[PDB]
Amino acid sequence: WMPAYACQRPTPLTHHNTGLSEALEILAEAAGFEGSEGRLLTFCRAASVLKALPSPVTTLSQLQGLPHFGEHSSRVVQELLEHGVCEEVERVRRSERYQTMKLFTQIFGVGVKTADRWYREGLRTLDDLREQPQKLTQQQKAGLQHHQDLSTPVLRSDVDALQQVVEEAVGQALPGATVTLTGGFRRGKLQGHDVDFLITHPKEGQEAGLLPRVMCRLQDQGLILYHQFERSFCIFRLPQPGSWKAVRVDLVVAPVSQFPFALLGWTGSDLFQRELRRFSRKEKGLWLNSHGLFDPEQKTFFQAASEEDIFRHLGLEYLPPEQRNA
């Protein structure tokens, strides 16, 4: 009917229940801030079910039988339908705790546990953090230094410019190596928090050692403001007319044997991939990550040449990236 796992149904980028899903996602985020990943996941799964529906929900009746809707999520929807507002959601969004945890966790290098410690210490603003720089890692220092730019949506023109300089550096580092745009932009998003790239080479093994060489070539062109291997979480100095802006870029290398798995994982959405890995293990007895798909009884890895091969093997109807917006 409505399948229970998000990887079993198409979720388009544009859907029909934004008001309801956004309210449930507030509660999910707040559950995360209080350290309950289980409640976070339920609220995100409920919100995702609404994104997959073909029409607006207008009456409580339409939730009957939907997976991940129980008493709490149904009451939130009921109050939004009846009153236009959910008291619990409004109390969360106006709370000092929620607003400060959101502010701090949005910083690159800061998660819930760090944000919660700072909150318990009385810190409330970005200026509070900057005044106490000894309590910051180098990663957090970079996230705070570039926070304004990193809060500006990344546009497609930015993606295209970044893809060009990444392709130039990759080609200088290793002839024949390829760059694939992944992440939300591959799912059709028009804006993003960052740009994700996946790099490989058609000859297994030639990509060994590639990422440090790419990073050196980008840094020699003055393109790198921060970096810290096979995954590089960077901040680039992106030229703009007369100036520049900082942009988060993730660069990932995989051998071609792993490419379909890495492409699938890095294309998301986050919830889609968590649900796909859960489905794989719990329903099919196979272990999925961005490196492979492992049968733990035969002790063998599935050889995939495409994302479609992975969906088949898991017994799932193929979904293109633009239907993975769970």
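All residue numbers refer to positions in the sequence shown, first residue = 1.
- Where residue 152 is followed by residue 153 in the displayed chain, the model omits none of the deposited residues that would sit between the two.
- The stretch 123-131 shows the higher mean C-alpha B-factor when 143-151 is compared against 123-131 in the entry.
- For the segment pair 254-262 and 58-66, the entry gives 58-66 the higher mean B-factor, averaged over Cα atoms.
- For the set 280, 289, 298, 48, the PDB entry puts the maximum C-alpha B factor at 298.
- Residues shown: 167, 207, 196, 82. Highest C-alpha temperature factor in the entry: 82.
- In the PDB entry, a CA B factor belonging to the middle third of its chain's modelled residues is recorded for residue 100.
- In the deposited entry, the Cα temperature factor of residue 35 places it in the highest third of its chain's modelled residues.
- Sort the modelled residues of the chain by CA B factor and residue 186 lands in the lowest third.
- In this PDB entry, residue 241 carries a Cα temperature factor that places it within the highest third of its chain's modelled residues.
- When the modelled residues of the chain are ordered by their C-alpha B factor, residue 137 lands in the highest third.
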